[PDB]
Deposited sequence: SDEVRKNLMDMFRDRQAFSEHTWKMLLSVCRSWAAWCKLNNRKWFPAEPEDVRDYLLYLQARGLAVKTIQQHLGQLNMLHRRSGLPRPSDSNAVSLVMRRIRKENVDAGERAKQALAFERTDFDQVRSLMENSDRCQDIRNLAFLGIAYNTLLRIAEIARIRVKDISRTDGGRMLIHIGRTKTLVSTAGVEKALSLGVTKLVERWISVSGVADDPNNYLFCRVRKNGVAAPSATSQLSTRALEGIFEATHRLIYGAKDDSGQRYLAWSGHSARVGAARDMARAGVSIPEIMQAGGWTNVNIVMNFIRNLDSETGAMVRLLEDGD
């Protein structure tokens, strides 16, 4: 909606105050809230608590996730916080509602989902199928999956690696520099996969080139120092790779039926936990600084570690 858009074209005096992704959500939420206000004849701004309360129930009644509802409330609070007005959340009507909503949804067995894990068994299998391939796409995709699994980097970080970010370390292994500002080390095998992609694509012809680039139907790579592969394409590589082994996905429309952008990070974190790796080393592997946050991420450890069986059988 322009009234919201045309206007949201206008305001918030200092752009760099919020992330672009953040601005996008504020706008989507504002469109939603505005449309609901229009249909139900309520005042859009400043919002009235009883109205916000009813709007949140409306989201819940349409099947939205608690995190989604928290998001809409979040933006509303923002919009408002910026023009110095009591945030909808500080109205006790909105507070009781978010509480009720959380409780029901939970008692409804609802819980935050998580990407389908791409683990070491998955990596070895894909490597089995793909390693001998002479297809440019396969060479690129396999290097991408190796990095994703080895480094646990998010797709947006991987899309932004430039050739100059790569250096060598112990044994010839590659080291990838990630700016705000760490260095990610690759194994000999993954370094080898990346070296192949680099050699075939010619990305190293200009050190400012992004490590990964498009590969057209012709099989011709298009190195570039100004254009990154979208995070959407990187998610597509995970999806394609899944299709390759398992065929097309069930038409349920449910999320996570195939690997996605977060799959290798989810998978590698579970593998480290399953292997008895300590928390600090797991934290370093994925760049976490909060233990609570890392443990929530690995809440779906998916194999039995049998620490008590091992102790009782004394190792064995």
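- For this chain, the deposited residues without C-alpha positions form one stretch, 181-188.
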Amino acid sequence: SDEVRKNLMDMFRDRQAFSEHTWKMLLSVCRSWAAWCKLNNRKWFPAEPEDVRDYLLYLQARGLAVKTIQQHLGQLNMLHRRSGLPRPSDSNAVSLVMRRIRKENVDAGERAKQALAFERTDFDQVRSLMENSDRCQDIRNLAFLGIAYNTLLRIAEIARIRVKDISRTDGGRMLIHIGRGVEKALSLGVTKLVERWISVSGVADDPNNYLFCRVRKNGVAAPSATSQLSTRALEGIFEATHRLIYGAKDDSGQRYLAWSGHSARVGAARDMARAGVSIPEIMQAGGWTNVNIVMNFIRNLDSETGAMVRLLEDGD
From here on, numbers count along this sequence of modelled residues.
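- As recorded in the PDB entry, 100-108 is the stretch of 138-146 and 100-108 with the greater mean C-alpha temperature factor.
- 25-33 and 60-68 differ in mean CA B-factor, and the higher of the two is recorded for 25-33.
- Per the PDB record, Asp90 has a higher Cα B-factor than any other of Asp205, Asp90, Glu239, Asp124.
- As recorded in the entry, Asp251 carries the highest CA temperature factor of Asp271, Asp51, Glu281, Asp251.
- Looking at the C-alpha B-factors along this chain, the one for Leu186 belongs to the lowest third.
- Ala159: CA B factor in the lowest third of modelled residues in this chain (values from the PDB entry).
- Annotation for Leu311: C-alpha temperature factor in the middle third relative to the rest of the modelled chain, per the entry.
- Among the modelled residues of its chain, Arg168 has a C-alpha B-factor that falls in the highest third, as given in the PDB entry.
- Ranked within its chain, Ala47 lands in the highest third, by CA B factor from the PDB record.
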